[PDB]
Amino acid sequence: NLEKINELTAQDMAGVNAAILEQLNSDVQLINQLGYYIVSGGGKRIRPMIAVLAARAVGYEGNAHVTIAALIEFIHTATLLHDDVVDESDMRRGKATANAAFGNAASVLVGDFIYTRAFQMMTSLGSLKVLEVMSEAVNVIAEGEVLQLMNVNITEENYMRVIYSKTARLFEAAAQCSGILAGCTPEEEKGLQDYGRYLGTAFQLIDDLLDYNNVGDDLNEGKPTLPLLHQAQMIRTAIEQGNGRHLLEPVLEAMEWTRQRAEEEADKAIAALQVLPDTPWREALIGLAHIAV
């Protein structure tokens, strides 16, 4: 149950890709150029893949679920263009970033086009509820990024709450809005909502562990990610100082306990997904959680 997902979701994932490329049709070449650069530059497309998978797991058989998948990837794509500017990164998972190749202003402004274009794509579906659920999702995420910019700083519960209510809100919306467009049942809606929130949290926790094993940027700016926290006065300083440069080698110490914590959530999402019909789609959906970790 790993390659089955791709094989099963193949037919529908080729439409989302087509839909994403359809939107890049501005008269301004730069928008299209930068757009083709990041989108066609290799990506695992979990977020649109959750969207299509969620809708057909509750019996949808139009094609609007590819559009909801497509604008979600646009949102995520627009988000990465802005994150590669604030993180001042040179390369995003392999090749160089858009700000490197194209400049900071172009990558920022093309992100605006891409996001606002996802918003028009959202309007055309004509559902006010999906517009509300996602608009607050992306505003909640945007506000937390401003908060991390202005205030550095933790209770296990509290830390997780932030992710549940902010960081992994796009994942949650992705699955929840997919089912809302497919006219699912309130019970199913929560399932997808819960599934999203949790699978995003495990994926977010799992993404904060691959930074150690572009290695070390979490440490190289004082960012309290779950592995980091727990003679260890050299770790507290960095967090408070806001700088942990030159410390990726002498950080092992205890070494994780976050993989089991991410597993908990991975399984947590699975539990909430047992409220909808046993279908290949559902199997695939559940399979993703396992693979997320």
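Residue numbers here begin at 1 and follow the sequence given.
In this entry, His230 is separated from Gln231 by 4 to 9 residues of the deposited sequence that have no coordinates. The modelled chain breaks between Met255 and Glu256, where 4 to 9 residues of the deposited sequence lack coordinates.
Relative to its counterpart among 214-222 and 135-143, 214-222 has the higher mean temperature factor, C-alpha atoms as listed in the PDB entry. Averaged over their C-alpha atoms, the temperature factors of 34-42 and 244-252 are higher for 244-252. Each of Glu157, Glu189, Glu73, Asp112 has a CA temperature factor in the record; the biggest one is found at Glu157.
Per the PDB entry, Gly94 shows the highest C-alpha temperature factor of the residues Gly94, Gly103, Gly196, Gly179. Per the PDB record, residue ranking by Cα B-factor puts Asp87 in the middle third of the chain. In the PDB entry, a CA B factor belonging to the highest third of its chain's modelled residues is recorded for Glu283. For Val275, the recorded CA B-factor ranks within the middle third of the chain. Only modelled residues enter the ranking. When all modelled residues of the chain are sorted by CA temperature factor, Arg117 is found within the lowest third. Per-chain ranking of the deposited C-alpha B factor places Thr167 in the middle third.
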